[PDB]
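Novice: Quick note, the sequences are listed as chains A and F, same order. Taken in order, the first sequence gives residues 63 to 353, 357 to 400; the numbers are from the entry's author numbering. The opening position of the second sequence corresponds to residue 1061 in the entry's author numbering, with each subsequent residue numbered one higher. From the three backbone atoms N, C-alpha and C, an ideal C-beta is built for every residue, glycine too. Shown below is the structure under consideration.
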Amino acid sequence: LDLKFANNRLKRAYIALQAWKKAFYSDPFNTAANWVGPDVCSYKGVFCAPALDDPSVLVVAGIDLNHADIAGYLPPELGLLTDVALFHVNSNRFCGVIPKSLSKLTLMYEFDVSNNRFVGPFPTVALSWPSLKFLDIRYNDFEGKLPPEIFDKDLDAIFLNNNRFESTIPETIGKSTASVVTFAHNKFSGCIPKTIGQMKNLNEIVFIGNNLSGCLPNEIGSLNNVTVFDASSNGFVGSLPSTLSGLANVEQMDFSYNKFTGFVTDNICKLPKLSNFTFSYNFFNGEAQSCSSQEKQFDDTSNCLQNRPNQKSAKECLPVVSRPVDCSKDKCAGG
Amino acid sequence: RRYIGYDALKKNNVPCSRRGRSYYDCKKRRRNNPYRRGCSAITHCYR
Ligand SMILES: *[C@@H]1O[C@H](CO)[C@@H](O[C@@H]2O[C@H](CO)[C@@H](O[C@@H]3O[C@H](CO)[C@@H](O)[C@H](O[C@H]4O[C@H](CO)[C@@H](O)[C@H](O)[C@@H]4O)[C@@H]3O)[C@H](O)[C@H]2NC(C)=O)[C@H](O)[C@H]1NC(C)=O
Ligand SMILES: *[C@@H]1O[C@H](CO)[C@@H](O)[C@H](O)[C@H]1NC(C)=O
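The structure is reproduced here in structure tokens:
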């Protein structure tokens, strides 16, 4: 050791990066060949800024490693890498569970491990970060239950797409400030909790490709300022509730590849902001009188509308009990 | 026209093309300060 740094805090960052360089098993872009020398602020991927503690001293404030296919694991020596808030490590072949030592990153604000080969349970270390507002663990192989403690934190975005979650959606979902949440392409079992409308700020939401069931909890209508609502490729059964007319700000909705029954309401479906309203590949004894004229976009394929084309064989449309589930006495819709 | 809830299904896309900048302040990088947060919610600030 014969190197001196501008401050003592960047000295630990050099220790972490060099040890984390030693954990790089592959780098086709040669983006890590620059990681030699004490002048860390010129390394490719890391960025410096005047420290919020004192503007006199500059510190490594963020790490950005967008696509740049990079392989390896995250060693525990990254705990010395303090004060970083943005960690963009997306679309690179990293592996290994997130180290527990990353809990020392008290200033973590946005954490981007999307499109990685991380194979763990859920990162219970990603919950100790108080300032965290953006969290995406999408296109990863996470397993097990989603802890209900995630929504209790003041988060702004949660991404969980293309994972292997196997529990049910926690009842704590209503406590989240999260503007956008994504549960797509996951094995979420159970029903949607009846605690949604306790959001008051949820903008976008998606439920594509889940093994979810149950009649739709009508409390979703309280989302007055909501933009995207999607429940495609799910196993939902029942009729559409009439209280969804409160979604005045909704712009797009999708309910395809489900087993919905009942009536389509004409009331809310004429919203000046709603676009591309797809309900195809479903069961709907109701009619879409005002809900395929060409001022907006509607889809009615495999919906069993006798007046409309592209319907389903009358032997396939309600050859079973034509009664929908009562959506009463059901544990997911009322008493 | 720009919805990030649907663009999240694309593993390769990012909320900000300009590298280094925070996903909330994805504007011109006069100083490229990682500690500056322009927008508040991640729906009104998509690029
Ligand atoms: C209006 O809404 C409808 C319904 O949501 C929408 O139709 C859907 O469009 C999306 C694309 O925006 C289709 O998604 C594709 O589906 C095919 C299978 O049919 C998949 O193979 C595709 O995945 C490929 O592409 C991905 C992205 O590049 C890759 O990540 C992936 O690995 C694959 O290479 C893709 O998911 C969707 O199938 C249709 N819906 C139906 C019923 O087919 C329509 O586009 C909307 N109109 C707009 C946007 O104005
Ligand atoms: C949605 O409207 C509620 C009701 O006032 C408000 O408290 C909340 O901040 C709004 N959220 C937005 C604009 O996303």
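Closer than 6 Å between the C-beta and any heavy atom of ligand 2: which residues qualify, listed along the chain?
Specialist: Those satisfying the condition are, in chain order, A:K262, A:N263, A:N265, A:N286 and A:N287.
Novice: Who are the near neighbours of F341 (chain A) in its chain, counting only those whose CB is closer than 6 Å to its CB and skipping five residues on each side?
Specialist: Result list for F341 (chain A): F317, in chain order.
Novice: From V299 (chain A) to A78 (chain A), what does the alpha carbon distance come to, in whole angstroms?
Specialist: Their backbone Cα atoms lie some 52 Å apart in a straight line.
Novice: Which bits of chain F does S241 (chain A) rub up against, with CB to CB less than 8 Å?
Specialist: Going along chain F in sequence order, the residues near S241 (chain A) (Cβ under 8 Å) are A1101, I1102 and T1103.
Novice: Residues in its own chain within less than 8 Å of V326 (chain A) by CB, not counting five upstream and five downstream?
Specialist: Only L302, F341, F346, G348, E349, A350 and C353 meet the Cβ criterion.
Novice: By Cβ distance, which residues of its chain are closer than 8 Å to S393 (chain A), with the 5 residues on each side in sequence left out?
Specialist: Result list for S393 (chain A): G399 and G400, in chain order.
Novice: Less than 8 Å between the beta carbons of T257 (chain A) and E233 (chain A), yes or no?
Specialist: Yes, the Cβ-Cβ distance between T257 (chain A) and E233 (chain A) is below 8 Å.
Novice: Applying a beta-carbon distance threshold of less than 7 Å, which residues of chain A neighbour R1079 (chain F)?
Specialist: The answer, in chain order, is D126 and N128.
Novice: Pull up the DSSP beta-bridge partners for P112 (chain A), would you.
Specialist: A:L120, per the DSSP bridge assignment.
Novice: Look up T340 (chain A) in the DSSP assignment and give the residues it is bridged to.
Specialist: DSSP, once it has assigned bridges, lists A:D316 and A:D364 as partnering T340 (chain A).
Novice: Got a sec? Which residues, its chain only, sit under 7 Å from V385 (chain A) by beta carbon, not counting five neighbours each side?
Specialist: Within the same chain, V385 (chain A) has no close Cβ partners at all.
Novice: If we cut at 8 Å on Cβ distances, does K1071 (chain F) have a partner in chain A?
Specialist: Output row for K1071 (chain F): interface = yes.
Novice: Could you check if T340 (chain A) belongs to the surroundings of ligand 1, using beta carbon to heavy atom distance under 7 Å?
Specialist: True, at least one ligand heavy atom lies under 7 Å from that Cβ.
Novice: Given a cut-off of 8 Å, decide if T289 (chain A) and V312 (chain A) are closer than it, judged by their beta-carbon atoms.
Specialist: Their beta carbons are under 8 Å apart, which means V312 (chain A) touches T289 (chain A) by this criterion.
Novice: Which whole-angstrom value describes the C-beta separation of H150 (chain A) and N128 (chain A), a residue pair presumed to lie in contact below a C-beta threshold of 8 Å?
Specialist: Sure, about 6 Å apart at Cβ, within 8 Å.
Novice: What did DSSP end up calling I1064 (chain F) once you bin it into helix, strand or coil?
Specialist: Reduced to three states, the DSSP call for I1064 (chain F) is helix.
Novice: From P183 (chain A) to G206 (chain A), what does the alpha carbon distance come to, in whole angstroms?
Specialist: The alpha-carbon atoms of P183 (chain A) and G206 (chain A) are separated by roughly 6 Å.
Novice: Taking only the alpha-carbon atoms, compute the straight-line gap between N70 (chain A) and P138 (chain A) and give it to the nearest angstrom.
Specialist: For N70 (chain A) and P138 (chain A), the distance between alpha carbons rounds to 20 Å.
Novice: In chain order, what residues of the same chain have a beta carbon less than 6 Å from the beta carbon of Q314 (chain A), not counting five sequence neighbours either side?
Specialist: Same-chain partners within the cutoff: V290, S337 and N338.
Novice: Assuming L72 (chain A) is part of the alpha helix (DSSP H), what are its boundary residues?
Specialist: Counting along the chain, the alpha helix (DSSP H) containing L72 (chain A) begins and ends at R71 to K83.
Novice: Nearest CA to the CA of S1100 (chain F): which residue from A:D216, A:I160 and A:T144?
Specialist: Nearest of A:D216, A:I160 and A:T144 to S1100 (chain F), Cα basis: A:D216.
Novice: Are the C-beta atoms of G1065 (chain F) and some chain A residue less than 8 Å apart?
Specialist: Cβ-Cβ to chain A under 8 Å: yes for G1065 (chain F).
Novice: Please determine, among A:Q359, A:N344, A:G252 and A:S307, the residue with the shortest C-alpha to C-alpha distance to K396 (chain A).
Specialist: Selected option, being the one with the closest Cα: A:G252.
Novice: When every heavy atom of ligand 1 is checked, does at least one fall within less than 7 Å of the C-beta of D391 (chain A)?
Specialist: Checking every heavy atom of ligand 1 against the Cβ of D391 (chain A), none is found closer than 7 Å.
Novice: I want to see whether chain A comes within less than 8 Å of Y1095 (chain F), judged by CB atoms only; does it?
Specialist: Yes, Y1095 (chain F) lies at the interface with chain A (some Cβ there is under 8 Å from its Cβ).
Novice: Tell me whether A293 (chain A) is buried or exposed, calling it buried when 16 or more other Cβ atoms sit within 10 Å of its Cβ.
Specialist: Burial call: buried.
Novice: Taking just the CA atoms, how far does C1105 (chain F) sit from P1094 (chain F)?
Specialist: Their backbone Cα atoms lie some 16 Å apart in a straight line.
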